Amino acid sequence: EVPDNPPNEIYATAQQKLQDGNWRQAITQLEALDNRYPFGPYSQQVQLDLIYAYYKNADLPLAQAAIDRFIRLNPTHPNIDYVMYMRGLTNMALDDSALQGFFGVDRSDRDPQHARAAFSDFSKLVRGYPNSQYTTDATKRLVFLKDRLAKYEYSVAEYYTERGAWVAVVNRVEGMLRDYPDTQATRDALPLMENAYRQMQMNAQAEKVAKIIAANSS
Amino acid sequence: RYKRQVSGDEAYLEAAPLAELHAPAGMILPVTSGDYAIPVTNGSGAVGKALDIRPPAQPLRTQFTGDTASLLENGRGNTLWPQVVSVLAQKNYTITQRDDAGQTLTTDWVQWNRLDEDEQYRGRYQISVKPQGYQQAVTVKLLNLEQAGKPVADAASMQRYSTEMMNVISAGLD
Amino acid sequence: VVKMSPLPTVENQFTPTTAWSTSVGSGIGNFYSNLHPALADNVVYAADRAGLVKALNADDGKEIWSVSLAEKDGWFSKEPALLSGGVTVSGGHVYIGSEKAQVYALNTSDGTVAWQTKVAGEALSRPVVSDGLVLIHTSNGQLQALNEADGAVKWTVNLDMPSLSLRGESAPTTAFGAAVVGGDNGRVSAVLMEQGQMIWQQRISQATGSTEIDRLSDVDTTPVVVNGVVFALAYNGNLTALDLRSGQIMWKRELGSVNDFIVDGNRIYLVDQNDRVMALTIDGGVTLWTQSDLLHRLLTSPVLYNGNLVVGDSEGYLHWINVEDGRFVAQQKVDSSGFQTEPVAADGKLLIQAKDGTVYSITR
Amino acid sequence: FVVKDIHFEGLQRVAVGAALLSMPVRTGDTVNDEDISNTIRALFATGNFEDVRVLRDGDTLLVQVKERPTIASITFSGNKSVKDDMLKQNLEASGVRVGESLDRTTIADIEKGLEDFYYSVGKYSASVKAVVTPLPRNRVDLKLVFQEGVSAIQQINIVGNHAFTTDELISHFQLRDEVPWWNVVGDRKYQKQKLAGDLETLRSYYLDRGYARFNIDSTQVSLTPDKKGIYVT
Amino acid sequence: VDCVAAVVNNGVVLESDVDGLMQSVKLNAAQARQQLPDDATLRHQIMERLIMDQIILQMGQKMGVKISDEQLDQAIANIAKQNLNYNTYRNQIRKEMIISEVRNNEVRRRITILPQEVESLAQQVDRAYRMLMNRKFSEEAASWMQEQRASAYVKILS
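Quick summary incoming for the structure in this document.

Calculation notes
- Residues numbered from 1 in each chain as written, not as in the entry; some residues may be left out.
- Chains lettered and ligands numbered in written order.
- Part of a larger assembly, values for the part shown.
- Heavy atoms only, no water.
- Residues with missing side-chain atoms left out of burial classes, pairs and counts.
- Helix = DSSP H or I, 4+ residues; strand = E, 2+ residues; numbered from the N terminus.
- Rg over C-alpha atoms; globule rule 2.2 N^0.38 Å.
- Buried < 20%, exposed > 50% of the residue type's maximum accessible area, 1.4 Å probe, protein only.
- Expected span 1.5 Å × (residues − 1).
- Patch = residues over 30% accessible without salt bridge, like charges linked within 9 Å, V, L, I, M, F, W, Y side chains within 5 Å.
- Areas by Shrake-Rupley, 256 points an atom, 1.4 Å probe, with all protein chains shown as cover.
- Salt bridge = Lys/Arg side-chain N within 4 Å of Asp/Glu carboxyl O.
- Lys, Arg positive; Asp, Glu negative; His and termini not counted.
- Charge placed at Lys NZ, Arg CZ, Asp CG, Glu CD.
- Pairing = 2+ DSSP bridges.
- Axes fitted to C-alpha atoms, helices over the stretch in contact; angles between N-to-C directions.
- Contact = heavy atoms within 4.5 Å.
- Nonpolar A, V, L, I, M, F, W, Y, C, P; charged D, E, K, R; others polar.
- Core = buried A, V, L, I, M, F, W, Y, C linked by side-chain atoms within 4.5 Å.
- Parallel < 35°, antiparallel > 145°, perpendicular 65-115°, else oblique.
- Left-handed = near helix turned anticlockwise from the far one by under 90°.
- Polar contact = N/O pair within 3.5 Å; in protein donor to acceptor, adjacent residues only side chain to side chain.

**Looking at the overall build of chain D**
Reasoning step 1: Within chain D, the regular secondary structure consists of six helices and nine strands.
Reasoning step 2: Its C-alpha radius of gyration of 29 Å places chain D more than 25% over the 17 Å reference for a compact globule of 233 residues.
Reasoning step 3: Viewed in the frame of its principal axes, chain D has a C-alpha envelope of about 90 × 40 × 30 Å.
Reasoning step 4: The buried share among the 233 residues of chain D stands at 36%.

**A look at helix α6 (residues 127–151) of chain E**
Reasoning step 1: The end-to-end C-alpha distance of α6 of chain E, which contains 25 residues, comes to 36 Å, matching closely the 36 Å that a straight helix rising 1.5 Å per residue would cover.
Reasoning step 2: Taken together, the buried positions of α6 of chain E are occupied by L132, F137, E140, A141 and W144 of chain E.

**What about a negative patch on the surface?**
Residues and elements named next belong to chain C.
Reasoning step 1: Taken together, the side chains of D41, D59, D60 and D347 define an acidic patch exposed on the protein surface.
Reasoning step 2: As for its position among the elements, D60 is in the loop between β4 (52–57) and β5 (62–68).
Reasoning step 3: The exposure class assigned to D60 is partly exposed, which follows from its relative accessible area of 37%.

**Describing the sheet that holds strand β1 (residues 5–8) of chain D**
All names here are of chain D.
Reasoning step 1: Reading across the sheet, the three strands line up as β1-β3-β2 and stay open at both edges, with mixed pairing between neighbours. The two strands at the open ends of the sheet, each matched to only one other strand, are β1 and β2 (49–53). The sheet shows a mean angle of 25° between the axes of neighbouring strands, taken without regard to direction.
Reasoning step 2: Bridge count for β2 against strand β3 (residues 60–67) is four bridges, and the pairing is antiparallel. Following the sheet pairing, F49 is matched in β3 by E67.

**With respect to the interface of chain B and chain A**
Reasoning step 1: Opposite the 47 residues of chain B that make contact, chain A presents 50 residues.
Reasoning step 2: A per-class count over the side of chain B that touches chain A returns 27 nonpolar, twelve polar and eight charged.

**What to know about the sheet that holds strand β2 (residues 38–40) of chain C**
Paired through backbone hydrogen bonds, the strands of a sheet run either parallel or antiparallel to each other.
Residues and elements named next belong to chain C.
Reasoning step 1: One open sheet holds the four strands; their spatial order is β2-β3-β4-β5, and the pairing between them is antiparallel. Pairing within the sheet leaves two strands with one partner each, and these edge strands are β2 and β5. For this sheet, the mean angle separating the axes of adjacent strands, direction not counted, is 15°.

**Points about the side chain of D335 of chain C**
Residues and elements named next belong to chain C.
Reasoning step 1: Mapped onto the elements, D335 comes out in the loop between β29 (328–332) and β30 (344–346).
Reasoning step 2: Of the side chains bearing the opposite charge, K333 lies closest to the buried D335, which forms no salt bridge; the N-O distance is 9.6 Å.
Reasoning step 3: When sequence neighbours within four positions are dropped, the list of residues in contact with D335 reads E315, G316, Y317, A354, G357 and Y360.

**So, the nonpolar core**
Reasoning step 1: Counting residues in hydrophobic clusters, the biggest one holds 48 residues, and the most contacted among them are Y82, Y85, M86 and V173 of chain A together with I53 of chain B.
Reasoning step 2: If you list the elements that add at least two residues to this core, you get α3 (43–56), α4 (60–73), α5 (80–95), α7 (114–128), α8 (136–163), α9 (168–179), α10 (184–199) and α11 (206–214) of chain A.
Reasoning step 3: Apart from the residues lying within four places of it in its own chain, the contact partners of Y85 of chain A are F122, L125, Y134, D137 and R141 of chain A together with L51 of chain B.
Reasoning step 4: If you look at the next biggest cluster of nonpolar residues, it comprises 18 residues, including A19, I40 and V65 of chain D together with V12 of chain E.

**With respect to the packing of helix α3 (residues 84–94) of chain D against helix α4 (residues 104–121) of chain D**
Residue and element names in this part refer to chain D.
Reasoning step 1: Two elements in contact, α3 and α4, have axes separated by 12 Å at closest approach and are oriented at 140°. Judged by the inter-axis angle, α3 sits oblique to α4. As α3 packs across α4, the resulting crossing turns out to be right-handed. The residues of α4 that touch α3, namely those facing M86, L87, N90, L91 and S94, are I110, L114, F117 and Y118.
Reasoning step 2: Its residues assigned to classes, the contact of α3 with α4 shows seven nonpolar, two polar and no charged.

**Some points on the pattern of salt bridges**
Residue and element names in this part refer to chain D.
Reasoning step 1: One pass over the full model with this rule turns up 25 salt bridges over all chains.
Reasoning step 2: A salt bridge links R53 to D51, with the nearest nitrogen and oxygen atoms 2.8 Å apart. For the pair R53 and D51, a shared accessibility class is recorded, and that class is buried.
Reasoning step 3: Here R203 makes a salt bridge to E200, at a shortest N to O gap of 2.3 Å. Of this pair, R203 and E200 both sit in helix α6 (residues 192–207), three residues apart, roughly one helical turn.
Reasoning step 4: Residue classification places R203 among the partly exposed positions, given a relative accessible area of 33%.

**Quick word on the side chain of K17 of chain A**
Residue and element names in this part refer to chain A.
Reasoning step 1: With respect to the element layout, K17 can be found in helix α1 (residues 7–20).
Reasoning step 2: Buried charge without a partner: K17 forms no salt bridge, and the closest opposite charge is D20, 7.7 Å away.
Reasoning step 3: For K17, the side chain forms a polar contact with the main-chain oxygen of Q25, separated by 3.3 Å.
Reasoning step 4: Setting aside residues up to four positions removed in sequence, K17 forms contacts with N22, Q25, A26 and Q29.

**Topic: the pairing of strand β24 (residues 277–281) of chain C**
Residue and element names in this part refer to chain C.
Reasoning step 1: A large share of β24 lies buried, amounting to five of its five residues.
Reasoning step 2: The alternating pattern of β24 places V277, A279 and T281 on one face and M278 and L280 on the opposite face, and all of these are buried.
Reasoning step 3: Strand direction decides the pairing type here: strand β23 (residues 267–271) and β24, joined by five bridges, are antiparallel. Bridge assignment links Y269 to a residue of β24, and that residue is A279.
Reasoning step 4: Between β23 and β24, which pair antiparallel and follow one another directly, the connecting turn spans five residues, one of which, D275, has a positive phi of 65°.
Reasoning step 5: The pairing of β24 with strand β25 (residues 287–291) spans three bridges and is classified as antiparallel. Paired with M278 across the strands is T290, a residue of β25.
Reasoning step 6: Taken together, β24 and the strand that follows it, β25, pair antiparallel across an intervening segment of five residues, in which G285 is found at a positive phi of about 65°.

Structural data, given as structure tokens:
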């Protein structure tokens, strides 16, 4: 099923047919090559091609395993920015894509998990190596993920406002504004805080946060 | 294209840039946790489909210091220049514009690497000089401007690949 | 499944026959124990698992008395008894033991019980009697002394159980005013019957392995004393002659690997678990000869008879081996049940018992 | 003595700089001709090497060193009581997995551990055998042979008790000595944890009926001298 | 030149060190009249001695046994009146004394003694108690060294 022949030709064919885009046959060849040439002269390049193939072949979890193998294999490589960006991209791609994408359904009030993980990964990347080539789009992704998380928390606060549990709403929106003070979600969530204070018979604080609106009338 | 691009979920670009929340006099907003914080960061980077996603080529003392390919420790290092001449033309229809025999000083000609990926003819020039620093006669190839499909470009990714094609040729054959 | 079962070939010089077969019927069965009928003064005594004991007349097997041992003390009064103690007899009494930690002392010809006494721990040993006292070893590490008058437990001296172990706890041998027994960890221990004190013991079983779980390495065979010297065998080997004065060893032979041996008084014949019958001298420790035609065929203890050594099998076929270097003198197709017990040879009579064949005797 | 250039035969893990960090001899100037032995001891005590032979024929420390070969894959045959999967995670968790080094101490450890697991299963006619196959590029592959003949339970008794029959106790134990003809409900293998749970059930049965002054004085397993029959008391 | 002989557990054998100890001991054995055989049985005995003391070393290191420089000073002060480089001699003596100390520790951990056989040997002929102790120590040491000889994991490379 595989030719046990000198390595030069198998590497050459591997890069050539990955260059074609034959991932279904490239992943097997690359994994067999790596498992039979564990410490070749440039096995790092093999591992990076494995990352590329796994991501493009949509086998994200095994790609994640390869990422956390490579990071511990050599925590100091002159190309780790690419690996970190690929890890963050894997998280984000795993997070949100479904029939809602065709339907345009707002994926805000869904399970964050992967969103938080992706934000953490991208933030670690950008705060690590600002001189790299993967900072701009990374920063845009940070902004988008922050907006998504803020919208999720706003949605849950809105449901609690719909119910009438006028304490948990205060805690949730307080956490929002403590964590996410520079987003639209707090901007439309502040009136929920005002309503909760007014309904809670403790209006001594209510007008207080009302003054907040007085500073952002626009 | 399904070849060298991120997934098509690229609508995240047109999101609202964040704006700060004013604190009125008489009260103070609570201290920011800072766990979800982004600092100011530079630009000048391709985004969306223009951004490149390809594995950077790891060079094969296998030198990898970007613009340089100074590998090295052979007593017959001077004999590598006629080997380079054999590589040129004879082995791969290549030619050095001005290559002395003893001096091992050559200037590369504008080549054409059509290695798929819709990568048109890429004209890479370089200077082939063999140093002997910290070892015997070393191999070195300082590349120059590349053409590819565009008239000119200086992205470090395509530049790295352009130098690495010669690097991998030299490493594989010797 | 893995096992090699070589067939001893058909070599014949003599043509003996079975003397008779009282055919008790249900004997021990698939169970395992150390039972063997005890003969004395032309009268043999045999026992059954369910609780039936028979006193037969020897040389014919004629039944004299036979009593059941239904557990009248139990709620149902007829519960299974599970006798596993060896058949022994002395004085005017006959002693048996049960797997339910109960010892019976009967009164021979009468057939009733002289006395019933309870023992702490299951009776899985051959009972021995001397100096007006009886030694009982249980499957918990205790040896106990009883009085043939009525019970009178003298002591319950425990030694050890190393978790996993193997059955057939050794029956102590007594001489020179001391009784020595084996042990489930190799501490062959001697006791003065005056006060049941622990004098001297030493490790015999060699276990030079990584873990002791598979290394059972215990001695559960009766020793034998000649003159200031005794002999014992462990499962892993360690044949040795060791002094009665204290815990000293004259010599060692790492073959061993037997759970029941016999001594001629001059030479020693033993049967390894690989059926390798070995002959040995007391002093030089030289392997006189061997006959390993059988490969772990689950043989029995050897007994001398007419100059040849007698061997049974789970195939239930009688076998002789020649004293001359080890040969196949004759084979007898006595039955097809299977044999596990220890044969007995006395008064020109050889008796052996089978799972279903039960009382079998030989005739030349 | 004095050395200027240092080289090594290790490439799979020996990084020359890291190798130099491994030896504090400084690779230069005068040395006492014996502290090299202690330095070599330190190198090997890093545990990543197998053998070393220093050559001082010339003036370079081109030390011939061999590390632990890596395992090509994990292959095995013979076992049927347990599906091979739990065996491969048993190997993987212990520290040995495809792609990493080899450690023969772990070979002995895992050999004895699998024997212990088989004893827990009750298959005492078991002998795991390791077959080492060297391969070029300093590789190794390990084959496992499992000759498990047959296991045994053949006897249970509750000696010591007086107020209850044995059988009614047997009616509650998870582990059964034997089951009659007109049913196939239960098997006959021995599992030690099953015995422990059975003891827990017996203890609960006696305690919940009022017998507070109760314990378990002693429990003994026993093996017949054939490795084909196990009893419990 | 310098090679490696064998490796037991985590210990290693060096031809340099073993050759040094052989040339140290054979000169004394010349007048000691110890008829050493050829390097086959000589190799057997030297390798077995080496593996014993080094396995004692690794077992002690695993079990965490240490000796301070004060005890080394005591030992060397005693050896000054009892009878390379001085620090190397100190090191070798420290390792051998700690080996003996751990040997005594384990033997005492697995030794037995009963004050019930003492009267029989006293009436047969307190020094005999010391003879009993000596015999028990000898048998315990022999049993332990043989049982850990093969149970330990050893590979031979030369």
